[PDB]
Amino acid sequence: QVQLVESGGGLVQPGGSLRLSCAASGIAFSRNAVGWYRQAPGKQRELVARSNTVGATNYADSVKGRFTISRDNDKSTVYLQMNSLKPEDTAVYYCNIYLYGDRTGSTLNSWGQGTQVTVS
């Protein structure tokens, strides 16, 4: 059974950093690329960052340089270092597998509750 546990969201002031964590289960973690997705209020869901099975990363041009994704196969966990947070990153952040060809994670069936990131 798929389990996705997000944490690390906060009510931090502008310019601050947030260490986003994700404890995953039932998603063949080591055999899949993982990634962080975000959804603004009244806006579409987009892939912010992804890390393939060997640690090779990809980012949306909107978050390049400011975001760095990491994964740990031993703990089946995904991390997202949120450096220099701009208001335009207002969204609930979700962690999930990344399937090549999908891009927005629209084909996935199970999602967690996410972690709210609020930058004033």
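Residue indices: 1-based, along the sequence shown.
- The mean C-alpha temperature factor is higher for 39 to 47 when 67 to 75 and 39 to 47 are set side by side.
- Checked against the record, the higher mean CA B factor of 90 to 98 and 30 to 38 lies with 90 to 98.
- In the deposited entry, the Cα temperature factor of residue 18 places it in the highest third of its chain's modelled residues.
- Sort the chain's modelled residues by C-alpha temperature factor and residue 53 lands in the lowest third, per the entry.
- Per the deposited record, the Cα B-factor of residue 12 falls in the highest third when ranked against the other modelled residues of its chain.
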